[PDB]
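Heads up: the sequence lines are chains F and E, in that order. Numbering (UniProt numbering) for the first sequence: 3 to 170, 176 to 248. Numbering (UniProt numbering) for the second sequence: 3 to 171, 175 to 249. One structure is given below, encoded as structure tokens.
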Amino acid sequence: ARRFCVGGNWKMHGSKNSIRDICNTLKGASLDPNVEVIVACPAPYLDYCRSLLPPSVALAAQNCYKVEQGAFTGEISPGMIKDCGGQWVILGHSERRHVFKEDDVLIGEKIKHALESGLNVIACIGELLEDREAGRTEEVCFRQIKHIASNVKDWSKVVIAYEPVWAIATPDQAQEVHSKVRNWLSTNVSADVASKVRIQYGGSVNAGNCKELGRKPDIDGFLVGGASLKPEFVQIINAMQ
Amino acid sequence: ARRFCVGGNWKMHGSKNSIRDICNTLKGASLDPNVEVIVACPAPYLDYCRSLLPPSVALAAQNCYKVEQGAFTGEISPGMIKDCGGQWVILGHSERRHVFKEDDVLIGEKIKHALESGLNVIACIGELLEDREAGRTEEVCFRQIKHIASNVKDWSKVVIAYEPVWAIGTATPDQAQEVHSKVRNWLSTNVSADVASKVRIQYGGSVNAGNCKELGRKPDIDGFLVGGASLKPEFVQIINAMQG
């Protein structure tokens, strides 16, 4: 009874002409109504995308800071994001964690502030290649979700995204991790919450494997990357039709 | 004679409402035309500020990454900045360096990419209180300037800002002048006399309508990189620091 959720993380890609044509494709396509769709564009285009996006696609930012105002050059707040039409924010993404050194406590605080600000959150987790080779997939993923759960009061506003960053994985391997994460939630938070929380597959998703990955009982959607910039994103959204 | 340059770094402040007021103030203010003015707003408002800002104020971003495109969630590039009306980018700011651990080589690569992309750069340097009270204000400021100079081939596109981080955590006009002076000498001997002669070096310490006038008269201080005051009406008076 979990609503399939598909997010598109454009990452550091996009211009006014390229974003516009992606939006036209979205609002001009037959999208499965049952699906909750989200796209995350670069901060400079937030207000712009919101004007071109159909009401069936919610707008997300790719990151934000843990406070509303401050001497933090280069940082944006949940307040600015909402001010520009955004409703979601991606927090804890593997690139922020590994390339930009964002630690669990910081991510924890960002999630807490984002939520009290009225923003929904896609909280990301994932282990590195070395973590997996050392049977540390669970130790890493549990510790990361722990810091997230600790900052979530209303789970109806967050979606978890699992990133097999170690894969730079099979539908079977992804289902296993999603399964364990849900189990962690069920025993450490509540059965109620574990049943309703969407866990998106943040691995490599394309038109060729979306239907199989989506059928997995514990996979409730995707956090798409490169393909979210292509027409192929429409097929990925319609994975469960 | 170097052209006085005043930058306004709003940092993490601003809403469509608040930003509209500041632009209207600048648009309706009486600004010394000799001054080159720049304001750095949060990335979400770039396109918005450009349409409300008078042609006398240039638009800047508060940061950017080192590549045009890529798998770097949360990062923006010089290309997007320019696509939204921006002409400048602040790089190496004390907050990025210390709060977000941005290091010298990374800042160096950003500066080189921003420049080749057609963007002007305000490159920041500054030592911590630990470095100062330890007698290494120079060794820190020189390392940073070194990594900056190494990635600059057209100095006409760059402005350097000095941040007495060691105080922004009180610093007199005398000590500020001494640092700008050493930095300029570093450039004169390690880059060229010409470049050191023309490069603007802004004071990024705390600037207000109360000190801007005497800080500006310092021979080696060519402007400011204002913080909190750039959100208030006094920013106008700071821009007019050298007026008569």
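For every residue, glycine included, the Cβ atom is placed at its ideal position computed from N, Cα and C.
Taking the straight line between their C-alpha atoms, what separation do you get for residue i and residue j?
i	j	result
residue 191 of chain E	residue 152 of chain E	13 Å
residue 122 of chain F	residue 158 of chain F	9 Å
residue 131 of chain F	residue 164 of chain F	14 Å
residue 118 of chain E	residue 71 of chain E	15 Å
residue 109 of chain F	residue 168 of chain F	20 Å
residue 7 of chain E	residue 144 of chain F	51 Å
residue 22 of chain F	residue 12 of chain F	13 Å
residue 176 of chain F	residue 5 of chain F	24 Å
residue 241 of chain F	residue 234 of chain F	9 Å
residue 239 of chain E	residue 111 of chain F	34 Å
residue 10 of chain F	residue 211 of chain E	42 Å
residue 31 of chain E	residue 236 of chain E	14 Å
residue 138 of chain F	residue 204 of chain F	24 Å
residue 15 of chain F	residue 183 of chain E	44 Å
residue 202 of chain F	residue 228 of chain F	15 Å
residue 105 of chain E	residue 67 of chain E	13 Å
residue 84 of chain F	residue 198 of chain E	50 Å
residue 179 of chain F	residue 193 of chain F	21 Å
residue 230 of chain E	residue 209 of chain E	5 Å
residue 47 of chain E	residue 20 of chain E	11 Å
residue 51 of chain F	residue 28 of chain F	12 Å
residue 141 of chain E	residue 195 of chain E	14 Å
residue 49 of chain E	residue 135 of chain F	46 Å
residue 218 of chain E	residue 35 of chain E	17 Å
residue 249 of chain E	residue 213 of chain E	17 Å
So for residue i, helix, strand or coil by DSSP?
i	result
residue 90 of chain E	strand
residue 33 of chain F	coil
residue 14 of chain E	strand
residue 167 of chain F	coil
residue 76 of chain E	coil
residue 108 of chain E	helix
residue 116 of chain E	helix
residue 61 of chain F	strand
residue 9 of chain F	strand
residue 101 of chain F	helix
residue 184 of chain E	helix
Determine the contact status of residue i and residue j, defining contact as a CB-CB distance below 7 Å.
i	j	result
residue 247 of chain E	residue 221 of chain E	yes
residue 262 of chain E	residue 80 of chain E	Within the shown structure, residues of chain E are numbered from 3 to 249, placing residue 262 of chain E beyond reach of any answer.
residue 55 of chain F	residue 86 of chain F	no
residue 147 of chain E	residue 188 of chain E	yes
residue 103 of chain E	residue 103 of chain F	yes
residue 185 of chain E	residue 156 of chain E	no
residue 75 of chain F	residue 89 of chain E	no
residue 92 of chain E	residue 42 of chain E	yes
residue 78 of chain F	residue 62 of chain F	no
residue 113 of chain F	residue 162 of chain F	no
residue 125 of chain E	residue 160 of chain E	yes
residue 120 of chain E	residue 96 of chain E	no
residue 244 of chain F	residue 37 of chain F	yes
residue 53 of chain F	residue 33 of chain F	no
Which residues mark the beginning and the end of the beta strand (DSSP E) in which residue i is found?
i	result
residue 123 of chain F	122 to 127
residue 229 of chain F	228 to 231
residue 38 of chain E	38 to 42
For the alpha helix (DSSP H) containing residue i, name the first residue and the last one.
i	result
residue 196 of chain F	No alpha helix (DSSP H) contains residue 196 of chain F, which DSSP labels as neither H nor E.
residue 142 of chain E	139 to 151
residue 219 of chain E	217 to 221
residue 208 of chain F	No alpha helix (DSSP H) contains residue 208 of chain F, which is instead part of the beta strand (DSSP E) from 206 to 208.
residue 239 of chain E	239 to 244
residue 131 of chain E	131 to 134
residue 54 of chain F	48 to 54
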